[PDB]
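The chain below stands alone, shown as structure tokens; this is the form deposited in one PDB entry.
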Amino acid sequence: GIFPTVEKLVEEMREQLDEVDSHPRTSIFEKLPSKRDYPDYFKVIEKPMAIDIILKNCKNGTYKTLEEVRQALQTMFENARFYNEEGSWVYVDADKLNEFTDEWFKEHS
């Protein structure tokens, strides 16, 4: 269905490397923090989101269209910019990776 498209998208997202240390800008977005170790995070963020969740939701049918997958990414980036301070490496990776997704989705379906 739409999994191979999102699969190719995520594969290309993980190919967005940092200019200095060459670390992927998807690093901190791969997984959600443990609720036991970061209880404050989940008290605020109404809709936590990570890459693995988006991938799971494309396989099981929770996300059927690309607008839902794009909307999910937007939420992931909004959560990161809301919880992290401006200028931090996480905030920057959120912006720059968001810049890439915005271009990609306009540049494809």
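Residue indices: 1-based, along the sequence shown.
Missing here is the form solved in complex with a partner chain; even so, the following discussion is about that form.
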Quick check on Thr62: any heavy atom within 4.5 Å of the partner chain in the deposited complex?
no
I'd like to check something about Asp18: if you look in the deposited complex, is any of its heavy atoms closer than or equal to 4.5 Å to a heavy atom of the partner chain?
yes
Contact label in the deposited complex: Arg36 to the partner chain, heavy atom within 4.5 Å:
no
Considering non-hydrogen atoms and a 4.5 Å limit, does the partner chain approach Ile28 in the deposited complex?
yes
